[PDB]
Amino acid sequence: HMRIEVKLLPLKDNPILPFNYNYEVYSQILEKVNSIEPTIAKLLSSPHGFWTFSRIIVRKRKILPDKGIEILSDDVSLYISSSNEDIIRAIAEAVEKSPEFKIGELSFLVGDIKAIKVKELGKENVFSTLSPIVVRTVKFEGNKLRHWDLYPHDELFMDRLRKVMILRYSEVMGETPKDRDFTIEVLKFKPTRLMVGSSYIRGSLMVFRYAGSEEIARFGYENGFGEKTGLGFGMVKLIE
């Protein structure tokens, strides 16, 4: 359960963070890490989600709807997580060696990095999404193939999330989990839409209660829930 909090310090003031940063944070960690440990960088780039990171966290903020999130605080925070402590250790080094980050017009500077004290998981957990959760299927639109994104109110959601976690689990943990069952109940739910590169990915910001396989619970906690976790999706905080 290696999880870090990277602190970011905004150059200048009246700083405005753009709404869609996913691809830019992803590709910048991917390079920084590639310089230090090319071998791990290939894990970060995998479709299978060997790690997750969160929304850029701005504690004191206000919404400017056509521009972005104004940072009224001194600092913002990124939370990176992974079940593999080699990945976490490499990201921490690489980011320290190349502390500059550019997002849109803005530029940050990596401040203190902190390992995070992690509460233990029970039989039943209440999770909250730090980055939205993505579950995709495929559909024909006319003569074209389309990503079609699912939300928890969709009938196929639970079915596809099970399948994606079991599949992800086997690839990154190496074997299938002994216990393949779980159910989740949605407490609070909001839809969101991110532009990553050329495309739009839709997902779920949500609070939910998980019940089920202990090995899957702990996998999603560390590597994120759902798909595209590598692009900063599906990361969850644990709560009471």
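Numbers for residues come from their place in the sequence shown, where the first is 1.
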*With respect to the recorded C-alpha B factors, which stretch has the higher mean value, 98 to 106 or 124 to 132?*
98 to 106
*Using only the Cα atoms and their B-factors as the entry lists them, report which of 171 to 179 and 200 to 208 averages higher.*
171 to 179
*asked:* Maximum C-alpha temperature factor per the entry, among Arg193, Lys190, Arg55, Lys67, belongs to which one?
replied: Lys67
*Check where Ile88 lands among this chain's C-alpha B-factors and tell me if it's the lowest, middle or highest third.*
middle
_CA B-factor ranking of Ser82, expressed as a third of its chain_ = lowest
*In terms of the chain's CA B-factor thirds, is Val236 lowest, middle or highest?*
lowest
_Looking at the temperature factor on the CA atom of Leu72, which third of the chain's modelled residues does it land in?_
highest
*Can you tell me which third, lowest, middle or highest, the CA B-factor of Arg160 falls into for its chain?*
middle
